[PDB]
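Heads up, the chain below is alone and in the form deposited in one PDB entry; it's given as structure tokens.
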């Protein structure tokens, strides 16, 4: 058992973190006060759930997690909510004034007032670990805290924890539910400065999640609560291998080995199926072949892009529930007889398979129906460069006029940092083109 520390930064990282830890508690049988009646060893242990939960001498199971925000409103909802007793009170850190949707404020001026405290609190959690493997960092691209503070934090974690892995869950902006006009700027600045410090990053496109809520769940105008419950389902599917027994992606290093062929193209695409509305409680149960075919349909992706336009470098299928391995083998065999699934010539055309035989858990109050089998596909495809081009174009339209740039320069940032960031993105776009 090797521990993982989760770090939740800014409103999006915090709200998604709350929804994830609620789901993890229901999956492991942990009550909101921290008690776990199925844990026979009190005061400690080396079980797979111990990667995410420490234990006190009183039998309390505490998340290995830190919540950080530059203003207190969002974190105050965690301090007074259903799971208020679950977290270490010193694990919830708040400033007084936020970054005002400005990367430079989060990174250079306001963020510097709290960075040392956050590192000292992370150190206290790291000291309790027998074999810390690394960090899971949750944040938006668009917020000033989510972009700027996360970059500053990732730079410091690389100095103090050199050999540890760092994985991100990043929220990519969408016009339908965005906060600020400058989100494309923040997104490009944080991508540039974090690239060399992150080993693997799972982007969640708010527009993709918004469309799934509208289409599959019949939600007319989805809110952050609806988006976060679906996102937490997907995040749980991705982290399940770290928290339960299994033979695939069993540690952070394995995510890099399986999904990241080269350090800069470290952005896997996640696909999830099936998403069925809770109002359809008596739905027909979809077979392994149906849910597996559903992973190759663009409508089910976590990022809007078209994998038919790109080439695959890796593909992992993570099943949960009533799934017979020979049915997976037959379903995959049928997928290989489809011309719209091309791998790069330098990678073996194989699919890696992991099966957890417990079906997914539904959260009371959620929008999802219970299902007997579900799948999360993680793939590294060159088609994700389409997401980068869309963001790069919105950056170029404003930057060509230097619109809003004065707000960043006025907060201790040089104007040349914008050009250095954009050039890094042009090279990242070329890295995908060079693979194919």
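The term rigid core refers to the maximal set of C-alpha atoms that superpose within 1.5 Å between the two forms. Residues that one form lacks are left out of the comparison. Residue numbers count along the first chain shown, from 1.
Return whichever of 239-247 and 74-82 has the greater mean Cα B factor according to the PDB record. Per the deposited B-factors, the answer is 74-82.
411-419 versus 11-19 - greater average Cα B-factor per the deposited record: 411-419 has the higher mean C-alpha B-factor.
C-alpha B-factor winner, where the candidates are 94, 186, 361, 285: That would be 285.
Looking at the C-alpha B-factor values in the deposited entry, which of 322, 98, 127, 290 comes out highest? Out of 322, 98, 127, 290, the record gives the largest C-alpha B-factor to 127.
Taking the chain's C-alpha temperature factors as the reference, tell me which third residue 382 falls into: lowest, middle or highest. For residue 382, the deposited C-alpha B-factor lands in the middle third.
What third of its chain's C-alpha B-factors does residue 28 belong to: lowest, middle or highest? Its C-alpha B-factor, which the entry lists for residue 28, ranks in the middle third among residues of this chain.
Comparing against every modelled residue in the chain, figure out the third that the C-alpha B-factor of residue 61 lands in (lowest, middle or highest). Ranked within chain, residue 61 CA B lands in the middle tercile.
Which third of the chain does residue 166 land in by C-alpha B-factor: lowest, middle or highest? Its C-alpha B-factor belongs to the middle third of this chain's values.
What third of its chain's C-alpha B-factors does residue 280 belong to: lowest, middle or highest? Highest third.
Just so it is clear, the following notes concern the form deposited in another entry, a form of the same protein that is not shown.
Core-fitted Cα difference of 2 Å or more between this form and the one not shown, single residue among 124, 280, 84, 112: Result of the comparison: 280.
When the rigid core is used for the superposition, does residue 216 move between this form and the one not shown (threshold: C-alpha shift of 2 Å or more)? Not so; residue 216 is displaced by less than 2 Å.
Core-aligned, is the CA shift for residue 250 between this form and the one not shown 2 angstroms or more? The answer is yes; the displacement is at least 2 Å.
Have a look at residue 162 and residue 249: in the other entry, are their Cα atoms closer together or farther apart than in this form, given the change is 3 Å or more? So the answer is farther.
I want to verify one pair: residue 296 and residue 252. Are their C-alpha atoms nearer or more distant in the other entry compared with the form I supplied, knowing the change is 3 Å or more? Result: closer.
Do any runs of 3 or more residues shift their CA by 2 Å or more between this form and the one not shown on a core fit, and if so, which ones, in sequence order? When the rigid core is held fixed, residues 246-256, 278-281 are the runs that shift.
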